[PDB]
Each structure stands twice: as structure tokens, then as C-alpha cells.
Amino acid sequence: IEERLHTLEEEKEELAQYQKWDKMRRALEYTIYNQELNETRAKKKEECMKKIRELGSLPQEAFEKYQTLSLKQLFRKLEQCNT
Amino acid sequence: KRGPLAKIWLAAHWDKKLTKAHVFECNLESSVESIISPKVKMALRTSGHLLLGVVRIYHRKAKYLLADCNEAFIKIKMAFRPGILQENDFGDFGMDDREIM
Amino acid sequence: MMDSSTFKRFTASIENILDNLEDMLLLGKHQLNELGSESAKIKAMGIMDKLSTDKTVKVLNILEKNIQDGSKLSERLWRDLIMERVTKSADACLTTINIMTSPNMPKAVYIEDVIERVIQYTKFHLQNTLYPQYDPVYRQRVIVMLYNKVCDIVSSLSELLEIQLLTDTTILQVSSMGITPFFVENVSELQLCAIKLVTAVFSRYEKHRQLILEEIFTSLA
């Protein structure tokens, strides 16, 4: 039981880190699709509306702080988060 | 029966009515066995009976501790990583004890 | 109706005056009780067509309210306890009705934090106050009041869980809380609301079925 408890603690820390990164990804996805809805305000665009309402990317308090406007630096941040 | 040693009496004589609720925390070993040794007018016979009683109690405690520990360890190994005549006696002579006269 | 903006006006007025007088330290039971009774029947359909970040900040404030009894761990101090308990349970009712009541809202009008809060709140309060007083196996009018509050909460929460997708970490807590009621005695209505909750969880996500089967099988004794 002692050995297994130790390995469990290690996995706990790993989980904390993964949880953080996933929160980051969800916030980024929501923000870029909001920008795409603003684009919808300028077929395919109603489809991306369907996307953003489909995903249910549960937002967190850290959302509004991460406001970058590039849409390409956004994509590289999203790719790194995904990796 | 009656007394702060009735549990050990039962465990040494009958042992069946003794429930899983009794055995666990009813008796504090280091106190009760200590009580047995200087108790007034204790016969050697009854003392031997009480000895077998207390040893049976202790053995049962060991059994329960092992069972609960084993349960816990089996739990901890779990995780969630989402990624016709067949046999008749020959005639009746087997069971047909005849009537007397 | 089209708008029928008179009890729409009731609730809009209540909300803006209240978060103005608070924002510029808790609202108190009366405000929450009145807002909830207007959320129930009046705002059964009237919660739509309002200001978004307004809702964001007020639900954040009543979240800060909710946190006051999450792990509260509880002849006059007892009175203080029961006051705090009814206030926070009324508040929890408020938040879980406001998140769900409309068939449609904008996205990001409900952040998972208030979700987690109301979940753990009901878990602790239920499993540490309701079962002991309702069943001698585990172990005055305020108790029945809290019981009714919890039934409303779990029903509304079942519906909310049906609407949108969620993250597994919350799901583990929700499933454990919803499996809990089937093993005490006099809780029938709570039991069937828990039926609703557990069956919604079993419907949506096709990866926790084995977990619910194990958590049923373990405690059959």
C-alpha cells in the first residue's frame, strides 16, 4: 500500500499540470471562435457558429485576461497547447 | 453473561453468539488481560478458560484486520485513465423393509 | 409574450438595484428568497433578453456567497449556523435555476467554477446534515426546509447536466453524489430525483458506465 501511495502522489502532480494546460486551451478556443463570430458579423460563418455552440468549451475566470488579437500567434499558441 | 469479562466467558465457552460488533472494540486487550491476573479469588481452572477466551478474541481481531487490509489493497489497484431408470436401486430390497408377523 | 415587461420589470429592477447597492458584505436571505420565487414562475420564460456581463458579475457575487458554506463543518451559535445554511441553500437554488431556465443563452454565461461550487456544497451539506437527522442508520423545521431545497437543486441540476457538455473532473463528483441517496431510509423523493441525475449522466458520456456499475455493486450490502 505504501509503494502504491507514492506512485499515486506522482500521478497527482502530473494531473495538476495537465489540468492547467487544458484550461488554457479551452479559453483560447473560445476566444478565437468569438472573433470568428465577429467575422460572421461582417453558410460557412453560420457553420462556425454551429461549431462554437457545439463544442461547449467550458470557460474559466482566466479567459478575458488572455486577449491576443493576431489570429496567427493565436494558432501557434493553440498548436503548442495541443501538443 | 454479566460482568466486564462476560465477553471472554462467551468466547471461551460458546463463541457463536459473539458478533462481529462485539469482537472489534468491546475489549481493550492491554487492560482486560491485565485485569484478569490480580482479580480476587481466581481459580486456576477458570483462569485457563479465560486464557483460551482471550486468545480466540485476539485471533479474530487478526482475521478482520487482514480481511480489511486485503480489501483496501484490491481497491487501490484501480484507476481511471480515459486515454429414465438411470440410478434406481435394484428392485425393492434396497428400501422395502418387510413387514413382520 | 412579446416581452410582457412588467414582471420582467420586477426582476430586472430587483437585480440592478441589488448589484448596484452591493457592488459600488452579503445580500441577505430576503433578497435571495424573493429573487428565487420570481425566478421560478415569473422567470420560467423571462430570464432571456438581458445584459450578459451583468449576469456574469452577479453570478460571481452569489458564487462568493456560495463559498461561505462549502465545507462549513457544522443555543445561539446553532441559530447562526441554521441561518447561514438556509441563506446559502436558497442562493444555490438561485444560481442553478438562473443557469438553466432559458432554453437558450449565450455561451460563457456560466463558468464551471459555480458548477463545482454548488456540486461540492450539496455533497457536503447533504451527506453531513440530511442523512443523520433523517435516518438513525448513519446517526427542526429548518431541516425539512433544507431537504426541500436540496430536492429542487438536484432536479434543476439534472436538467442542466442534460443541456451542455461538461468536464470529467466535475462528473466524478456529480456521479458519487447522485449514487449516494439510494442507501438511507426515508428519502423517497430525493431518491427519484437522484434517479433522474444518474440516468442523465449514464445517457450522455459513454465512458463512466463501468464506474457507476462498480459504485452500485460495491455497497449492495
# chains A, B, ... in the order shown; residues from 1 in each chain; ligands from 1
$ residues_around --residues "residue 90 in chain C" --least-positions-apart "5" --cutoff "9 Å" --atoms "only C-alpha atoms" --output "NGL selection string"
:C and (29 or 32-33 or 36 or 85 or 95 or 146 or 149)
$ residues_around --residues "range 62-75 of chain B" --least-positions-apart "3" --cutoff "10 Å" --atoms "only C-alpha atoms" --output "VMD selection string"
(chain A and resid 1 4) or (chain B and resid 20 23 to 24 56 to 59 78 to 79)
$ write_last_selection --atoms "N, CA, C and O atoms" --output "short mmCIF file (atom, residue, chain, number, x, y, z; two decimals), in the first residue's frame"
data_model
loop_
_atom_site.label_atom_id
_atom_site.label_comp_id
_atom_site.auth_asym_id
_atom_site.auth_seq_id
_atom_site.Cartn_x
_atom_site.Cartn_y
_atom_site.Cartn_z
N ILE A 1 0.83 -1.20 0.00
CA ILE A 1 0.00 0.00 0.00
C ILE A 1 0.87 1.25 0.00
O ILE A 1 0.56 2.24 -0.68
N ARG A 4 2.28 1.89 -3.60
CA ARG A 4 1.25 2.40 -4.50
C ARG A 4 0.85 3.83 -4.15
O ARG A 4 0.56 4.62 -5.06
N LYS B 20 -19.62 -9.85 15.20
CA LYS B 20 -18.58 -9.00 14.64
C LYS B 20 -18.56 -7.60 15.26
O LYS B 20 -17.53 -6.92 15.22
N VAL B 23 -16.55 -8.32 18.95
CA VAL B 23 -15.13 -8.69 18.85
C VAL B 23 -14.21 -7.48 18.64
O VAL B 23 -13.15 -7.38 19.27
N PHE B 24 -14.64 -6.53 17.82
CA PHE B 24 -13.78 -5.45 17.34
C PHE B 24 -13.24 -4.55 18.45
O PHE B 24 -12.03 -4.54 18.69
N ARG B 56 -8.65 -16.51 21.59
CA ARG B 56 -9.61 -16.58 20.50
C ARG B 56 -10.04 -15.19 20.04
O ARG B 56 -10.16 -14.94 18.83
N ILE B 57 -10.30 -14.30 21.00
CA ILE B 57 -10.65 -12.91 20.68
C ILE B 57 -9.56 -12.27 19.82
O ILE B 57 -9.84 -11.66 18.77
N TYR B 58 -8.31 -12.38 20.27
CA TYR B 58 -7.19 -11.78 19.56
C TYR B 58 -7.04 -12.35 18.15
O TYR B 58 -6.78 -11.61 17.20
N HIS B 59 -7.20 -13.67 18.01
CA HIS B 59 -7.13 -14.29 16.69
C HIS B 59 -8.21 -13.74 15.76
O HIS B 59 -7.95 -13.49 14.57
N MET B 78 -7.09 -0.06 -8.64
CA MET B 78 -7.95 0.51 -9.66
C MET B 78 -7.49 1.92 -10.02
O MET B 78 -6.78 2.58 -9.26
N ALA B 79 -7.94 2.38 -11.18
CA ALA B 79 -7.66 3.72 -11.67
C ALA B 79 -8.64 4.03 -12.78
O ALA B 79 -9.44 3.18 -13.19
#
$ residues_around --residues "residue 108 in chain C" --least-positions-apart "5" --cutoff "9 Å" --atoms "only C-alpha atoms" --output "PDB file with C-alpha atoms, in the first residue's frame"
ATOM      1  CA  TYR A  30     -13.485  30.067 -27.084  1.00  0.00           C
ATOM      2  CA  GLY A  56     -19.097  23.574 -25.041  1.00  0.00           C
ATOM      3  CA  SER A  57     -15.578  24.738 -24.259  1.00  0.00           C
ATOM      4  CA  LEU A  58     -16.236  25.436 -20.554  1.00  0.00           C
ATOM      5  CA  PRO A  59     -14.798  28.886 -19.882  1.00  0.00           C
ATOM      6  CA  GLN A  60     -12.871  29.787 -16.771  1.00  0.00           C
TER       7      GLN A  60
ATOM      8  CA  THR C  56     -21.574  37.274 -15.166  1.00  0.00           C
TER       9      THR C  56
END
$ interface_residues --of "chain A" --to "chain C" --cutoff "12 Å" --atoms "only C-alpha atoms" --output "ChimeraX atom specification"
/A:15-16,19,22-23,26-27,30-31,33-34,37,49-64
$ interface_residues --of "chain C" --to "chain B" --cutoff "10 Å" --atoms "only C-alpha atoms" --output "ChimeraX atom specification"
/C:168,207-208,211
$ write_last_selection --atoms "N, CA, C and O atoms" --output "short mmCIF file (atom, residue, chain, number, x, y, z; two decimals), in the first residue's frame"
data_model
loop_
_atom_site.label_atom_id
_atom_site.label_comp_id
_atom_site.auth_asym_id
_atom_site.auth_seq_id
_atom_site.Cartn_x
_atom_site.Cartn_y
_atom_site.Cartn_z
N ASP C 168 -14.85 15.87 -17.12
CA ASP C 168 -14.95 14.63 -16.35
C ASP C 168 -14.69 14.83 -14.86
O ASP C 168 -15.27 14.11 -14.04
N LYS C 207 -18.29 6.77 -21.12
CA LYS C 207 -17.06 6.26 -20.54
C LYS C 207 -17.14 6.02 -19.04
O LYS C 207 -16.19 5.45 -18.49
N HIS C 208 -18.21 6.42 -18.36
CA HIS C 208 -18.34 6.28 -16.92
C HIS C 208 -19.28 5.17 -16.50
O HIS C 208 -19.51 4.99 -15.29
N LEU C 211 -17.86 2.81 -14.10
CA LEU C 211 -17.70 3.41 -12.78
C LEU C 211 -19.01 3.39 -12.01
O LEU C 211 -19.02 3.10 -10.80
#
$ residues_around --residues "residue 51 in chain B" --least-positions-apart "2" --cutoff "12 Å" --atoms "only C-alpha atoms" --output "ChimeraX atom specification"
/B:5,8-9,11-13,29,32-34,36-37,44-49,53-58
$ write_last_selection --atoms "N, CA, C and O atoms" --output "short mmCIF file (atom, residue, chain, number, x, y, z; two decimals), in the first residue's frame"
data_model
loop_
_atom_site.label_atom_id
_atom_site.label_comp_id
_atom_site.auth_asym_id
_atom_site.auth_seq_id
_atom_site.Cartn_x
_atom_site.Cartn_y
_atom_site.Cartn_z
N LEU B 5 -16.12 -9.02 32.08
CA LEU B 5 -15.39 -10.12 31.47
C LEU B 5 -16.34 -11.14 30.86
O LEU B 5 -15.92 -12.27 30.58
N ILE B 8 -15.29 -12.51 27.41
CA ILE B 8 -14.25 -13.53 27.36
C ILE B 8 -14.83 -14.88 27.77
O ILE B 8 -14.47 -15.92 27.20
N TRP B 9 -15.72 -14.89 28.78
CA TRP B 9 -16.53 -16.07 29.10
C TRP B 9 -17.18 -16.67 27.87
O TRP B 9 -17.05 -17.87 27.60
N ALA B 11 -16.57 -16.10 24.66
CA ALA B 11 -15.59 -16.52 23.67
C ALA B 11 -14.88 -17.81 24.07
O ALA B 11 -14.36 -18.51 23.19
N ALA B 12 -14.85 -18.13 25.35
CA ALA B 12 -14.21 -19.36 25.80
C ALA B 12 -15.17 -20.53 25.92
O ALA B 12 -14.72 -21.68 25.97
N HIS B 13 -16.47 -20.28 25.98
CA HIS B 13 -17.43 -21.37 26.15
C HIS B 13 -18.29 -21.60 24.91
O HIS B 13 -18.32 -22.72 24.38
N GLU B 29 -7.55 -5.07 25.10
CA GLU B 29 -6.69 -6.19 25.47
C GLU B 29 -5.74 -5.86 26.61
O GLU B 29 -5.78 -6.49 27.68
N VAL B 32 -7.84 -5.48 29.80
CA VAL B 32 -8.66 -6.57 30.32
C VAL B 32 -7.78 -7.74 30.76
O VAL B 32 -7.98 -8.29 31.86
N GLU B 33 -6.81 -8.15 29.93
CA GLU B 33 -5.91 -9.22 30.34
C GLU B 33 -5.13 -8.81 31.59
O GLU B 33 -4.81 -9.65 32.43
N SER B 34 -4.77 -7.53 31.69
CA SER B 34 -4.13 -7.03 32.89
C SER B 34 -5.06 -7.17 34.08
O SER B 34 -4.61 -7.41 35.20
N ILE B 36 -7.32 -9.51 34.48
CA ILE B 36 -7.52 -10.93 34.82
C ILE B 36 -6.50 -11.42 35.85
O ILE B 36 -6.85 -12.16 36.77
N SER B 37 -5.23 -11.01 35.71
CA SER B 37 -4.18 -11.59 36.56
C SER B 37 -4.32 -11.31 38.06
O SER B 37 -4.15 -12.27 38.84
N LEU B 44 -7.48 -21.51 39.18
CA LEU B 44 -6.60 -21.83 38.06
C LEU B 44 -7.38 -22.35 36.86
O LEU B 44 -7.06 -22.03 35.71
N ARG B 45 -8.39 -23.18 37.11
CA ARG B 45 -9.25 -23.72 36.06
C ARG B 45 -9.91 -22.61 35.24
O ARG B 45 -9.75 -22.54 34.01
N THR B 46 -10.69 -21.77 35.91
CA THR B 46 -11.33 -20.63 35.26
C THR B 46 -10.32 -19.71 34.58
O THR B 46 -10.62 -19.14 33.53
N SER B 47 -9.13 -19.58 35.16
CA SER B 47 -8.09 -18.77 34.54
C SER B 47 -7.66 -19.36 33.20
O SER B 47 -7.47 -18.63 32.22
N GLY B 48 -7.51 -20.69 33.13
CA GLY B 48 -7.18 -21.32 31.86
C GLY B 48 -8.27 -21.13 30.82
O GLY B 48 -7.98 -20.88 29.63
N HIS B 49 -9.52 -21.27 31.24
CA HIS B 49 -10.65 -20.97 30.37
C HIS B 49 -10.56 -19.55 29.81
O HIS B 49 -10.68 -19.34 28.60
N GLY B 53 -10.15 -18.00 25.99
CA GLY B 53 -11.07 -16.96 25.54
C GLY B 53 -10.36 -15.76 24.93
O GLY B 53 -10.68 -15.33 23.82
N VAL B 54 -9.39 -15.21 25.66
CA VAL B 54 -8.73 -14.00 25.19
C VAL B 54 -7.90 -14.29 23.94
O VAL B 54 -7.81 -13.45 23.04
N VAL B 55 -7.33 -15.50 23.83
CA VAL B 55 -6.55 -15.81 22.64
C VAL B 55 -7.46 -15.93 21.42
O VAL B 55 -7.12 -15.46 20.33
N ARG B 56 -8.65 -16.51 21.59
CA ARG B 56 -9.61 -16.58 20.50
C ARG B 56 -10.04 -15.19 20.04
O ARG B 56 -10.16 -14.94 18.83
N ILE B 57 -10.30 -14.30 21.00
CA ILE B 57 -10.65 -12.91 20.68
C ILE B 57 -9.56 -12.27 19.82
O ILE B 57 -9.84 -11.66 18.77
N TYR B 58 -8.31 -12.38 20.27
CA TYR B 58 -7.19 -11.78 19.56
C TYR B 58 -7.04 -12.35 18.15
O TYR B 58 -6.78 -11.61 17.20
#
